[PDB]
Structure formats: C-alpha cells, structure tokens
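Numbering (the UniProt record's numbering), first residue to last: 2 to 248.
Let me begin by presenting the structure, written as structure tokens, before commenting on it.
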Ligand SMILES: O=[N+]([O-])c1ccc2nn[nH]c2c1
C-alpha cells in the first residue's frame, strides 16, 4: 500500500496478516450500481444502509444483524457490511450470515490491500467490494479493480479529496463514493464533497457518504446528481428512519 500514518497504517498492517475465508459462494452476483441506476429511473430514493457495529471514531451499537438486514431488504438499494474487526467491530461471519438471509446487493466495507480479500468478498457472498484510493498505490488500485472485475463484481471506489478523484478517474472507476469524512482527521467537509461531486462525469455512479441524518441533504445531493446516499450510524441507532429518507 502507500506510506501511511496513525490508525490507517495499523488497520492496513493487520488486513495483510488477516487470513482468508475458503468456502464456495452460495448466491448470485447482484449488481448494486446497476440496481441504483434502475432506482433512479423508477424515481425511488436509493439508500445504502450500513451494518457497522462500531465507528472507526469509536462508539459501539450491538443489535441483531439478521433483524436489521431483513428489515433493510424491504427498503435499501444495497447493504454496506463493515467487516473490519479492530476499529469497526465487524467480521466475515456477520457478512456470510447476512448474505445468506438477504437477496438485495451487498457491499463489503473493508481495507482491501491484497487480492485474497477480493476472493474473501466473493466467497462470502458480497456483490461488490470497496477500494480506498487514500490507502493504495495507483497500480495496486488498477490491479484490485481488474481482479474484482474478473469475479463479475464492479468495485466501489472511495474518494476523499481532489487527489483521490484524480487517481479514481485515472484508474477507470465507474462506481464512486465521495466520502465527506477524511480518513485520518475523521472530519466532515460538505463543501469539499459538493465540489468533488460536480467534477465527477455523468456516466459514473455517485454515492454521497458522510454524516447524513436528514432527507433535505439527500434532496440537495440528488439536485447535484448523486445516484445513491449512504447512511450508517443514523440507521444503526434507528433503522426505521430509512422510511423517511425514502418518503
Ligand atoms: O461502515 N460502512 O459499511 C461504511 C461504508 C462506506 C463508508 N465510507 N466511508 N465510511 C464508510 C463506512
């Protein structure tokens, strides 16, 4: 990966030593970006609900993932499952189990640093995997994207600043997350996110992920051309809010 600092260096040092999940896949690949695109044409608000136990920030929520996922299946466009243990208190078994109970698309939220994690994602039943620009070299990024595409999955490229977007466009991304939170400082900047969203071309699937708590933000970002809107801690405390975000 790139030369890193703080907690990002650690989560990356650990992700490499993380051992694989070696068991055959037991569900089809259900395209998230494609279903999002369909939702837009169907005028439905597309929301990726996140099943994350603990924030990297550090504040846990213990709840049955199968009751959450099953509920979300009825409303969400897709499910983002946090599978990092140290800072996100998630696991591969939480993914495998959720993926066995739901039929909507599933996104693996992790710090992918090696090809095996992309095998893990497939095998466990994840429909797509998140690739963080801020955490990989350009050629590492081009390889993982290619590898995930050799599995049928269309990688979910996370950008944070105008530099991440430069590399994102250079690698040939077609599914972009515009993270309003800086991975190292853990701060939200909606001005910066909005600027970045304006710079991403029409043909690319856009996900505004930050600290979304109300519909008026989703309306605003939609008026700015974003396709899907990722919510986590807001839905992790109260999952029923989704009905209001859809409205
Ligand atoms: O906890 N998550 O499933 C999740 C998904 C996407 C994200 N982008 N930034 N943080 C994220 C967290």
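Where a beta carbon is used, it is the ideal one built from N, C-alpha and C, also for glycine.
Check whether residue 130 and residue 159 have beta carbons under 8 Å apart: Numbered from 1 along the chain shown, position 129 holds the residue referred to as residue 130. Numbered from 1 along the chain shown, position 158 holds the residue referred to as residue 159. No, Cβ-Cβ distance for residue 130 and residue 159 is not below 8 Å.
Outcome for residue 27 when other beta-carbon atoms lying within 10 angstroms are tallied against a minimum of 16: For the purposes of this step, residue 27 is taken as the residue at position 26 of the chain shown. Around the beta-carbon of residue 27, fewer than 16 other beta-carbon atoms lie within 10 Å, marking it exposed.
Option in 174, 161, 154 and 245 with minimal Cα separation from residue 31: By 1-based counting over the chain shown, the position of residue 31 is 30. Answer by Cα proximity: 154.
Start and end residues, alpha helix (DSSP H) containing residue 191: Taking the first residue of the chain shown as 1, we reach residue 191 at position 190. Note, residue 191: alpha helix (DSSP H), 191-200.
Cβ separation of residue 110 and residue 83, assumed to be a contact under 8 Å, to the nearest whole Å: Residue 110 sits at position 109 when you count from the first residue of the chain shown. Residue 83 sits at position 82 when you count from the first residue of the chain shown. Going by Cβ atoms, the distance from residue 110 to residue 83 rounds to 4 Å, so yes, they are a contact pair.
Beta-carbon proximity of residue 179 to residue 209, cut-off 8 Å: Counting from 1 along the chain shown, the entry for residue 179 is found at position 178. Counting from 1 along the chain shown, the entry for residue 209 is found at position 208. Against a cut-off of 8 Å, the Cβ pair of residue 209 and residue 179 comes out as a contact.
Neighbourhood of residue 137 by C-beta, 6 Å cutoff - its chain only, sequence neighbours within 5 removed: In the chain shown, residue 137 corresponds to position 136, counting from 1. Closer than 6 Å at Cβ, skipping near neighbours: 2.
Separation of residue 141 from residue 70, as counted between CA atoms: As a working note, residue 70 is residue 69 in the chain shown. As a working note, residue 141 is residue 140 in the chain shown. Their backbone Cα atoms lie some 32 Å apart in a straight line.
Assigned exposure category for residue 29 - 16 Cβ within 10 Å defines buried: Locating residue 29 in the chain shown gives position 28, where the first residue counts as 1. Answer is exposed; the Cβ neighbour count stays below 16.
Residue environment, residue 4, which counts as buried when at least 16 other CB atoms sit within 10 Å: Sequence index remark: in the chain shown, residue 4 carries index 3 (1-based). With fewer than 16 other Cβ atoms within 10 Å, it is exposed.
Residue burial classification, residue 95 (beta-carbon count within 10 angstroms, cutoff 16): Looking up residue 95 in the chain shown gives position 94. Buried, by the Cβ-count rule.
4 or more residues per run - each alpha helix (DSSP H) lying fully within the region 140-212: 163-172 and 191-200
Among 57, 45 and 104, the one whose alpha carbon lies nearest that of residue 85: Within the chain shown, residue 85 is the residue found at index 84, counting from 1. Looking at the Cα atoms, 57 is the closest of the given residues.
Buried or exposed (CB count within 10 angstroms, at least 16 for buried), residue 21: Counted from its first residue, the chain shown places residue 21 at position 20. Classification of residue 21: exposed, given that the 10 Å Cβ count is below 16.
Where the beta strand (DSSP E) containing residue 7 begins and where it ends: Within the chain shown, the letter at position 6 stands for residue 7. Careful: residue 7 lies outside any beta strand (DSSP E), inside the alpha helix (DSSP H) at 7-18.
Cβ-heavy atom distance, residue 209 to ligand 1, below 7 Å: Residue 209 sits at position 208 when you count from the first residue of the chain shown. No, the Cβ of residue 209 stays beyond 7 Å of every heavy atom of ligand 1.
Counted within 10 angstroms of its Cβ, other Cβ atoms place residue 217 as buried (16 or more) or exposed: On the chain shown, residue 217 is found 216 positions in, with the first residue counted as 1. Exposed, since its Cβ has fewer than 16 Cβ neighbours within 10 Å.
Spatial neighbours of residue 62 in its chain, beta-carbon cut-off 7 Å, leaving aside the 5 residues before and after: As a first step, residue 62 must be located in the chain shown, where it is residue number 61. Cβ neighbours of residue 62 beyond the five flanking positions: 54, 237 and 238.
Alpha-carbon to alpha-carbon, residue 176 and residue 157: Sequence index remark: in the chain shown, residue 157 carries index 156 (1-based). Sequence index remark: in the chain shown, residue 176 carries index 175 (1-based). Looking at the two C-alpha atoms, the distance is approximately 5 Å.
Cβ-Cβ distance between residue 66 and residue 105 below 8 Å: Reading the chain shown from its first residue, position 65 is the one you call residue 66. Reading the chain shown from its first residue, position 104 is the one you call residue 105. For residue 66 and residue 105, no; Cβs fall outside 8 Å.
Same chain only: Cβ atoms within 6 Å of residue 114, ignoring 5 sequence neighbours per side: Along the chain shown, one-based indexing puts residue 114 at 113. Around residue 114: 2, 13, 16 and 17.
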